[PDB]
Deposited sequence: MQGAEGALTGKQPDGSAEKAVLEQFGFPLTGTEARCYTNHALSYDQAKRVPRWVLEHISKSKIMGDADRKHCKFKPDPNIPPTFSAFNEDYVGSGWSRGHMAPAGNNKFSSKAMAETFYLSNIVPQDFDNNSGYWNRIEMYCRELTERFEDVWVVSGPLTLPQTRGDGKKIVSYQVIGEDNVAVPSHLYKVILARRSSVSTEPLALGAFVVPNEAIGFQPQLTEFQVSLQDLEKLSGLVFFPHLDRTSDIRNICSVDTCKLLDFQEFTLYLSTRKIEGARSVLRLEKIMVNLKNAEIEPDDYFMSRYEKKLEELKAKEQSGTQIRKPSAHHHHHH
């Protein structure tokens, strides 16, 4: 063995890397994270950190050969999709900046990034209202397709000079705990979503998979300390487990449009009526301005 590792064993580059509010294992050959783990709470998702002051850039700790660069993504037909969201790190400028390191980024469909995936990230943030602590493992997937002749093929695009791997699917393992003193099994949900436009019709539960099925597909073992026979319980069994629909989501966007200059506030309300337009909290903001 001393003869065998005389000049050292090859470097896989898959060791866990820690950041302020997220940890990850990088995939040196695909130039994408393999998994990204974060902890989120009521407090962490509140703060003055601003997404606008952040810039996407290679992770300084990754060898430049195995790193992706913005040139790989810009003009590819694919977006720079965060795995650990910027929006879960309002409490810390450092933490938010570190989620803009390309080591947390994956070539994600533009519509999925701002649509379905966004609503899943929003649902994870919502859970902090009902669970004191939420844990999330996010990451890419290159799943096979079975042709008519019975053959199973893994087919994915590589973008840029660096051949950044475009996944077919994205996963999220949501682990949620009520309080520190709770003795009830922790709520777990595993979801696999295709890297394409999805819309509002499909329910999040349509994309649910078993933890074992996700582990088999991804080659990973999530939250190894949890005893699968006593510590885990389906999140759907103990939570509404629903994303915001078209009406709830467009209302959420319009409420955020209520903050920014002029009497443009009349134009926002005219657009909502042109079928949604209600909500009580909405008015306690569409008055506190004018």
List the gaps, meaning deposited-sequence segments with no CA coordinates, ordered along the sequence.
1-18, 279-280, 295, 312-335
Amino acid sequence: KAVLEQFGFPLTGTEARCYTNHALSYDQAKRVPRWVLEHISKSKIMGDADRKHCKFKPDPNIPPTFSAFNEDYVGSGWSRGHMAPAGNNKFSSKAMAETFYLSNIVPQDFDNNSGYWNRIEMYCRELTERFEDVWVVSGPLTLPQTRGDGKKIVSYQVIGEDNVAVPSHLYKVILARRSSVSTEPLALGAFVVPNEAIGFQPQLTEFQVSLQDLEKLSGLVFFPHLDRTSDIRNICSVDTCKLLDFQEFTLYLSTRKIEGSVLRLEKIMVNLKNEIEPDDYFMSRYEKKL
From here on, numbers count along this sequence of modelled residues.
Of 26-34 and 58-66, the stretch whose C-alpha atoms average the higher B-factor in the entry:
58-66
Stretch with the higher entry mean CA B-factor, where the candidates are 198-206 and 216-224:
198-206
Highest recorded Cα temperature factor - choice among 233, 51, 242, 39:
51
Can you tell me which third, lowest, middle or highest, the CA B-factor of residue 181 falls into for its chain?
highest
How does the C-alpha B factor of residue 91 compare with the rest of the chain: lowest, middle or highest third?
highest
Please rank the C-alpha B-factors of the chain's modelled residues and tell me whether residue 150 sits in the lowest, middle or highest third.
highest
B-factor third for the C-alpha atom of residue 278 within its chain
highest
